[PDB]
Amino acid sequence: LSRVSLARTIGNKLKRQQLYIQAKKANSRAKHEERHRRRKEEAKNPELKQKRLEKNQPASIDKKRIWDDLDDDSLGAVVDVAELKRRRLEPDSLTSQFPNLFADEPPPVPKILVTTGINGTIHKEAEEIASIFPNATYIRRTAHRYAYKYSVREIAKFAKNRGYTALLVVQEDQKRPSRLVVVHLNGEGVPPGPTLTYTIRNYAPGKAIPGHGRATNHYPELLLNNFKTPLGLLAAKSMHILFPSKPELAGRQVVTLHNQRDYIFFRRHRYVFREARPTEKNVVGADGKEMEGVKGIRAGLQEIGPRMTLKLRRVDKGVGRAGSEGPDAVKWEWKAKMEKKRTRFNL
Amino acid sequence: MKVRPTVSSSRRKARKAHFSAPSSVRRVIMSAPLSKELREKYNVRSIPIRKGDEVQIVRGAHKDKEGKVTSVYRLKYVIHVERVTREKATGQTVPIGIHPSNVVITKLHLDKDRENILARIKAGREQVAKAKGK
Amino acid sequence: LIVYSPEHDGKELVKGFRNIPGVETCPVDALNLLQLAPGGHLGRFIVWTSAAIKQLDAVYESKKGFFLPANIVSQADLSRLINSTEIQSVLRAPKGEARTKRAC
Amino acid sequence: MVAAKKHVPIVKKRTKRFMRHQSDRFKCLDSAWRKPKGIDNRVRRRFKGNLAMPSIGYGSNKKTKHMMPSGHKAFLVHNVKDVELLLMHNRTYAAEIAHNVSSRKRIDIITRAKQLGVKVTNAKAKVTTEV
Amino acid sequence: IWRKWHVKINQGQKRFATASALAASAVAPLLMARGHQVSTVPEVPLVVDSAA
Amino acid sequence: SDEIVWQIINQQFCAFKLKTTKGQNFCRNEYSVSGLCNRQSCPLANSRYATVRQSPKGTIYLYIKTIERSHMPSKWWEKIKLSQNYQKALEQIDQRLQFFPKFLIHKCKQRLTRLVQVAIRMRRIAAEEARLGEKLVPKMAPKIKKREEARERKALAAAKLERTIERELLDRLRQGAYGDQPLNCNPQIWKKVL
Amino acid sequence: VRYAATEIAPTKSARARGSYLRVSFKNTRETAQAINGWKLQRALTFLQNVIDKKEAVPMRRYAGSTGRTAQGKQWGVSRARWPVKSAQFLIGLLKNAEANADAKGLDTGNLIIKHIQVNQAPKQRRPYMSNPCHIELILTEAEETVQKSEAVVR
RNA sequence: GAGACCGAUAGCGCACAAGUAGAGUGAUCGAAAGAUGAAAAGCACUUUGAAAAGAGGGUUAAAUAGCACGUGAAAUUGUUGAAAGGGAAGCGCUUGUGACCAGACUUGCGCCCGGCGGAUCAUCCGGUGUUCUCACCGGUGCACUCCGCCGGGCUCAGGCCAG
RNA sequence: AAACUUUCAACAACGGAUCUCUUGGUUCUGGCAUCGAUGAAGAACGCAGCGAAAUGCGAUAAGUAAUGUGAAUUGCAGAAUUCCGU
Ligand SMILES: [Zn+2]
C-alpha cells in the first residue's frame, strides 16, 4: 500500500476502509514480532546492535543542508565560513564592507536607546526589551497623540550627538511587538552604520513564564550559537556589539541567541553549577558522548527573561531604506523565494 | 462557436470521455509540441509522444530539465523522463509524472510510421496554405 | 450590434463578426427586442450600415396591422412647456418661496 | 481642522438589542427578534418586567441616522475608484474597505484616502509599517 | 410539464416595444446609461458605408 | 427629451448608479460635479452641463457640454484650462458659465475649491512621508505565515534549547574560560573538575 | 495586552497519548482525577494497588453507590470501587511517558503529572453501545529554582 | 443534442458492492454508503510495547490534509483559568466591582519678508490635434504677472466634557 | 479548607452541518427500426499468480481469426514477446 492509493483504485468507500483496517492490524502485528525477534538476537550477540545502529540512523534537515557549492562571500552566499578557511589552509569581504562592526576594539560601555513605533502603545514591552541590554534607556517616540512625528533618521542623529552607541526601535502590530530594528550609531566621524530589522514572533514576558525570576544588574554572558554563514556572522557580531564585552561573571546570568534553521531563539536564564542528583544522567555531547572532565555535575537553569523568536529580514547600508543612498543601499533583503526549499538556511 | 449537431458542448460528456478513454485515443490526447528547429524542418507542430523521444520540460517545478522518455503511462496521463525522479521515504527513487503538455520534443524516435505521420501533417498544412494563398 | 441589409450587403459580414466577443449581427428585416434591449434596459449601441438606413423606412411600412404610434405628448421637453413665454405670461404671482421661514 | 462637519448630538434611544423571547433558554432559537403570536404570551400583552417590543418610537433622529460616533456615514469601498467618489463628501462619509480586498489594493485605497482627506474605518488590517 | 412556460404577447405590443428600443438607440445618454463605453464614436446612430 | 431620459435613469436603471443603505445615492460618472444621483447633477439627463476635472500633469480643466453637439459623443465636451490663481480661476467660471443654472455655477466653484486644497494636502503629506521614510507594506501572506509557524515549531524541537545552554556552559568551565578562582562557581565544585 | 501562561519547554516535558482505548470513559475519568498532580512513583504505586484490590478509587462526578469502605477516609468520599482495566491502561500510558522522558534525557525520579485528560472515542457500532475513550498526559520535571547573586552598586 | 431542473437527508430505490447487502415459507419488501494531496512523495530509520496505540524523526506549500483523511457548525464531553453557590440561581430596568478588548479632532488653512525653480507670463519662435477657438508638445528668457519649494515672522480656526 | 454544581474563555474531543465540487439523476427535443427452434430474455457452472457484493469470455474460456492504428500493459510479480516491423 506504499506505492498505491486505495482511494484511487477502489471506488466503494466502505470496502476500502475495512481493507485499510485489516492492513493496520496486519502491519502492526508484523512489526511487533520482527522487532521482538531482533531484541532476542541482540541479547546474545550485542555486536549486531552496534552494526544496526551505525548503519540505520534517522534523517535530519540540518544534515541535509544545501550550501552554495561555489567560492566567494558577498553577504548573500550560503557557505560555511569556517570550512572555507579549513579548505584555504589545506571573512575579508565582511570586514571591508562593514569596517565598524568588525574593527579592532569596540567602545567599552555601549549606550543603547530603545524607542517604540510611532504613536505606539507597547511601552511595557519596550522597557523590558530595554532591560535585556545593559545600559539601555527607553524614550517614547511621540509625547502626545498630537505631537511632533520624529523620524528614525532624526533620532539616530540626536542620539549619536548625545553619545549613544545603538538605537533600537520596537515596531508593534496588534498591540504586540512584531519587528525589531537595530541601528548602529557608532562614534566620532564614521556615519551611522548598518540597520538590521528583525521579526519578533512569539513574544512572552518573564511574568508569563512559570517558575521565572528577576534579573539583577549584572552584565550577562553572551551565547551566540550556530551561526555559520557570512550573513549569520554579521548578525552574531551585531548582537555582540550591543552587550558589554567583559561579563560580570558573578551574577550567573546568561543571554542566548540560538540560530536553528534561520530562527534565532532568544532566552535569558540564570544558572548555578551543582552536583548531579543520583537519579540524573550525565551530560552527553554530540559525537563524543559522555563529556569528559565535567562528569557528574549539572548546570541548572531558571528563566529570568523574555521569550522571543527572531528572523532577519533586511540589512541596510545606513539608517533604514531612506537613509541608505548608494547603489549598494540594500545589503541583503529576505524574500520568500529563498525558503522555497526546506534545506536552504540563509543564516 | 460549435455548429455541427454531432459536436457536444457538455462538460459532463467531455469529462466522461476524457477519463474513460481507450488507450488508442489516449495516445492522441497524450501529445506534445515539437521544438522550433523541428517545426521549421518537418513543418509539423504536434505529434503524440512515444518511448524513444528526447524531450525538455518547460512547465512545473522541474523546468529546464532535458531527457529521454522512459515510460508513456496512458492510464494516468503521465510520461516519465530519465533522471527526473524523487526519493521515497525508503530512499528508492521513483519517476515523477509530467503531463505531455508540459514538455517540448527535441529529438524524435523515427520509424516508418513516424515519417508517415510527419508527412501527412505537412501535406495538409501545405495544402491549406496554398488554398488560402491562391 | 451590427445591423445590415441582406439584400445589398450579403451574409458574408456575419461570419467576420461571429468570433469577436460581444458583437452581434442582425438583419434589418428581423430586428430583435432581446438584442435591442438586453436585460430590459434600453439603449443598445448599434453600428448601422447605409443600406439599412434606407430600408428602415420600408420595413416599418410593410408591417401590416401596425403603424408608427402617435405619442400622447408632442413636446417631451417639459421645461419648454413650463418655462415658455405663453405659459409664464398668464400665471398668478408666487404664493411663497421654496423654503418657508419658521413663523413661531 | 480635519474632522466631521457640525452635527447635532447623536442620541441613541436604546443601546440594547431586542432579543427574542426565551432565546436565552433554548439553543435552537436564535437571538434574532421574532414577534410573539400567542394570545396568552406575557411579552405580547406587554406586562411589566418582560421584554419590550421594537416600535417606530425608538427610531433615531433623521439628521443623525446612519452616523458613526465620529459623525461620519460608512461607505463600503472596493477599489480606488470608490474613494474618489468621496472627493466632495470627505466631511460626511468615511471609507470602509471591504473585507475581500487584497493587501496591495488596500494600501492603494489608504494612500488615496489620505490624499483626499477621507477617514478610513479599517486602515490597519492587512498592512504594516516598514521604516 | 404543463406549467405555462411560454407567454403570448400581442404583435402590436411587440412592434411598439421594438420601435421604442430603436428610438432609444438613437439617444446618446441612453447608450452610456446602458454600460456601453461610447465616448469615441463620432455620431450616435453611427451609419457606416455599405461599400466597406 | 431630457425629462424622458431622467425617467429611465432614475426609475429603471443607470450604469453609473451606486446605491448605499445610508440614504444617499451616488453617481459613478467621471463627469459629475458631485457624485450624487440627483436631477440637477446628472451628466446624462442634463443636455447642457459643466464640470471640473484634474489632469495628472496637475492642470484643472473646465468641461462644458452643449446640446447642439449631443448627437456626437466624441465631440461632446470642450476643455478649457483654468488658471492657477484661485480668484482668477473663480472668475473664469463666472464668465464662462454665464447664463447657466446656479447649481452648476455653484458646484463648479466648489469642485474647484476641493481640487486645489487636495493638491496642497498632497504636497504636505508627500513632504512628511519623505521625512519619516516609513512606508506601508503588505503583511505576511496566510500561506507563508502558516509555513513559518510550522517550521518554527520544528526548529524549536530541534534546538533543544535548555540542553544546549547547559552543554555550552559546561564546556566553558572545562576549557578554563571562566579563569582561576571563578565567581561563577563553588570552590568545592572546581576541585571535582581536576 | 494580556499574555497567556506560556508552555513549559518541550525538552523539560514528556508526552504520551492513548487513542480509541477499549475502556470505559466514566471509569477512566474518575481514575485519572485520582492521580492528577502526583509524583510519577506515587502514581505507579497507587494504580498497582488498585490492580491488587488494595486501595480504592473514589467516585466523585460519575459516582455510583457501590462500596462504602474505610479506604475512602483518605479521600473524604463515601463511594469507592476498584477500576482494574482503567488502572491497567493508565499504567501503560504512564510507563510510556517515563520511557519517553528517558529518551529525551530527563530525571526519572522527579516527574510530576501536570496534565491528564480523558476524552471520548467514537462509539463501537454493534441496541447496546460501548463507551471507549482517548487519554493524553504530560509529565514535567519539578520546577528548579536557583539562587540570586547579591546586586552590585556602581 | 439540449435545460432559468436537482446537487449526496437532494436528484431515479441506486453518483459507490444497488435491485446489491439484509428480511420473509412464499408472493414480495429492500437500505446505508461520494470529496487525502498537484503528485503517494501513503511516514524510511531510532525507541516504547501485544495496539485500529505513543514519543522522536521524515515527506509536503501545508500532516491542527496520515487511506479515522477538503471545510469541519450545534447538541454533548474532558483539561486549564476566573468567579459564584447550598433546594440557590436563569428573564426586565439601573448602577457597582473584577477581567479582557477598543482607543477620542483624519488634528490645518491663511497673510508678510528673502532666495531658488517652473509656467497658463512674453503682443517670442516652431509644430500637432481639434468641436475652428480651443487644447497639447519642442526651443527660448525672467521686464511684468502667477504658481510651487526652501529659510524666517505673524495671525486665525479647531473635536469632546465640565464650571 | 476540600470536593460537587453552575457560567464564561482558551485548548482538546464527539458528530458530520455549512461552503465548494460532480464519469449521477430528472425533463425536453431530434435521427433510425434490430430478439427467439440457425435456440432469445433469464438461471447456474467454470476461465486471471495474488481478485469481487465487478467486468469480459466459454474447455479456442479477462479470449482466437480479420481490418485499422502504430509502440505498449502497469497495484506488484512476470514475458530473449515485439521496434524501418504482417
Ligand atoms: Zn444618475
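Methodologically, a virtual Cβ is constructed for each residue, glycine included, from the backbone with ideal geometry; neighbour enumeration extends over all protein chains shown. Only the coordinates and a few stated rules stand behind these numbers; no lab work does.
If you take the residues in the stretch G:7-34 that are more than 6 Å from RNA strand H (Cβ to nearest atom) and surrounded by fewer than 16 Cβ atoms within 10 Å (Cβ to Cβ), which one is nearest to residue G:132 (Cα to Cα)?
G:22
Sort out which residues of the stretch D:90-114 are more than 30 Å from residue A:199 (Cβ to Cβ) and surrounded by fewer than 20 Cβ atoms within 10 Å (Cβ to Cβ), and write them in order of number.
Correct list: D:91, D:92.
Identify, please: which residue in the stretch F:174-194 is facing chain A (nearest Cβ under 7 Å) and hydrophobic (A, V, I, L, M, F, W, C) and is, among those, farthest from residue A:250 (Cα to Cα)?
The residue in question is F:193.
Among the helices (runs of 4 or more DSSP H) contained in the stretch A:1-111, which hold 2 or more residues that are more than 30 Å from residue A:236 (Cβ to Cβ)?
Passing ranges, in order: A:13-44, A:47-55.
Would you mind stating whether residue B:88 is charged (D, E, K, R) and within 27 Å of residue B:44 (Cβ to Cβ)?
Answer is no for this residue.
Hey, does the stretch G:17-25 have a residue that's out of contact with any strand residue (DSSP E or B) (no Cβ under 6 Å at 6 or more places or on another chain), more than 13 Å from chain A (Cβ to nearest Cβ), within 12 Å of RNA strand I (Cβ to nearest atom) and not aliphatic (A, V, I, L, M)?
Taking every residue of the stretch G:17-25 in turn, none turns out to be out of contact with any strand residue (DSSP E or B) (no Cβ under 6 Å at 6 or more places or on another chain), more than 13 Å from chain A (Cβ to nearest Cβ), within 12 Å of RNA strand I (Cβ to nearest atom) and not aliphatic (A, V, I, L, M).
Okay, residues lined up against (1) assigned to a helix (DSSP H, G or I); (2) within 14 Å of chain A (Cβ to nearest Cβ); (3) polar (S, T, N, Q):
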residue: G:97; (1), (2), (3): yes, no, no
residue: G:100; (1), (2), (3): yes, no, yes
residue: G:109; (1), (2), (3): yes, yes, no
residue: G:113; (1), (2), (3): no, no, no
residue: G:116; (1), (2), (3): no, no, no
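Determine, yes or no, whether residue D:8 is within 14 Å of chain F (Cβ to nearest Cβ), part of a loop (DSSP other than H, G, I, E, B) and either in contact with a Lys or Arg (Cβ under 9 Å, 6 or more places away or on another chain) or within 16 Å of RNA strand I (Cβ to nearest atom) (or both).
no
In the stretch B:95-134, what residues are of a type in the set (A, V, I, L, M, F, W, C) and surrounded by 14 or more Cβ atoms within 10 Å (Cβ to Cβ)?
B:96, B:98, B:103, B:104, B:105, B:108, B:117, B:118, B:121
Out of curiosity, is residue B:70 within 16 Å of RNA strand H (Cβ to nearest atom) and loosely packed, with under 11 Cβ neighbours inside 10 Å?
The answer is no for residue B:70.
Any idea which residue in the stretch C:74-92 is nearest to the chain's Cα centre (by Cα), counting only those that are among the aliphatic types (A, V, I, L, M) and more than 9 Å from every other protein chain (Cβ to nearest Cβ)?
The qualifying residue nearest to the chain's Cα centre (by Cα) is C:81.
So how many residues does the stretch G:125-154 have that are part of a loop (DSSP other than H, G, I, E, B) and either touching a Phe, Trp or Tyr at 6+ places or on another chain (Cβ under 9 Å) or within 13 Å of chain A (Cβ to nearest Cβ) (or both)?
16
Answer with yes or no whether residue C:6 is under 30 Å from residue E:39 (Cα atoms), part of a loop (DSSP other than H, G, I, E, B), more than 8 Å from every other protein chain (Cβ to nearest Cβ) and not acidic (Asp, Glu).
Against the criterion (under 30 Å from residue E:39 (Cα atoms), part of a loop (DSSP other than H, G, I, E, B), more than 8 Å from every other protein chain (Cβ to nearest Cβ) and not acidic (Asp, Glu)), residue C:6 qualifies.
List pairs: first residue in the stretch E:23-52 and more than 8 Å from chain C (Cβ to nearest Cβ), second residue crowded, with 21+ Cβ neighbours inside 10 Å and among the small types (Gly, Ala, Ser) anywhere in the structure, Cβ distance under 6 angstrom, at least six positions apart or on different chains.
Close Cβ pairs satisfying both conditions: E:44/E:28.
I'd like the residue in the stretch A:57-112 that is of a type in the set (A, V, I, L, M, F, W, C) and within 14 Å of another protein chain (Cβ to nearest Cβ) and, out of all such residues, is nearest to the ligand (Cβ to nearest atom).
Only one residue tops the list, namely A:61.
Looking at (1) closer than 22 Å to residue E:44 by Cβ; (2) within 12 Å of RNA strand H (Cβ to nearest atom), which is the only condition residue F:80 fails?
(1)
Is it true that residue F:63 is away from the ligand (no atom under 11 Å from the Cβ), touching a strand residue (DSSP E or B) at 6+ places or on another chain (Cβ under 7 Å), within 14 Å of chain E (Cβ to nearest Cβ) and not in a strand (DSSP E or B)?
no
When residue A:81 is evaluated against the numbered criteria (1) within 30 Å of residue A:173 (Cα to Cα); (2) of a type in the set (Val, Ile, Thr); (3) touching a helix residue (DSSP H, G or I) at 6+ places or on another chain (Cβ under 9 Å), which criterion, by number, is the only one it fails?
Status for residue A:81: all satisfied but (1).
Kindly indicate the residue of the stretch F:95-113 that is in a helix (DSSP H, G or I) and exposed (fewer than 12 other Cβ atoms within 10 Å of the Cβ) and also nearest to the chain's Cα centre (by Cα) among those meeting that condition.
The selected residue is F:102.
Scan F:125, F:93, F:80, F:189 and give me the residue that is over 30 Å from residue A:310 (Cβ atoms) and touching a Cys at 6+ places or on another chain (Cβ under 9 Å).
F:93
Those residues that are more than 8 Å from chain A (Cβ to nearest Cβ), surrounded by 15 or more Cβ atoms within 10 Å (Cβ to Cβ) and assigned to a helix (DSSP H, G or I), I need them from the stretch F:133-170; list them, please.
F:163
Could you give every pair whose Cβ atoms fall below 8 Å, whose first residue belongs to the stretch F:22-42 and is closer than 17 Å to residue E:34 by Cα and outside any loop (DSSP other than H, G, I, E, B), and whose second residue is among the aliphatic types (A, V, I, L, M) and within 11 Å of the ligand (Cβ to nearest atom), counting only separations of at least 6 or pairs across chains?
F:26/F:18; F:26/F:36; F:27/F:18; F:27/F:36
Out of C:33, C:56, C:13, which single residue is touching a helix residue (DSSP H, G or I) at 6+ places or on another chain (Cβ under 6 Å) and hydrophobic (A, V, I, L, M, F, W, C)?
Being touching a helix residue (DSSP H, G or I) at 6+ places or on another chain (Cβ under 6 Å) and hydrophobic (A, V, I, L, M, F, W, C) holds for just one of C:33, C:56, C:13, which is C:33.
For the stretch A:154-179, what are the residues that are among the acidic types (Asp, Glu) and within 14 Å of chain G (Cβ to nearest Cβ)?
Matches in the stretch A:154-179: A:172, A:173.
If you check residue E:17 against the conditions, is it under 30 Å from residue C:65 (Cβ atoms) and buried (at least 17 other Cβ atoms within 10 Å of the Cβ)?
no
Where residues in the stretch A:296-347 are of a type in the set (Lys, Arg) and either touching a strand residue (DSSP E or B) at 6+ places or on another chain (Cβ under 9 Å) or within 16 Å of the ligand (Cβ to nearest atom) (or both), which of them is farthest from the other protein chains (Cβ to nearest Cβ)?
Restricting to residues being of a type in the set (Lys, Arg) and either touching a strand residue (DSSP E or B) at 6+ places or on another chain (Cβ under 9 Å) or within 16 Å of the ligand (Cβ to nearest atom) (or both), the top hit is A:331.
Looking at (1) over 25 Å from the mean Cα position of the chain (by Cα); (2) under 29 Å from residue D:111 (Cα atoms); (3) of a type in the set (D, E, K, R), which one does residue D:48 not meet, given that it meets all the others?
Single failed check for residue D:48: (2).
Among the residues of the stretch D:1-29, write down those that are farther than 30 Å from residue D:87 by Cα and surrounded by 10 or more Cβ atoms within 10 Å (Cβ to Cβ).
Passing the criteria: D:14, D:17, D:18, D:19, D:20, D:21, D:22, D:23, D:24, D:29.
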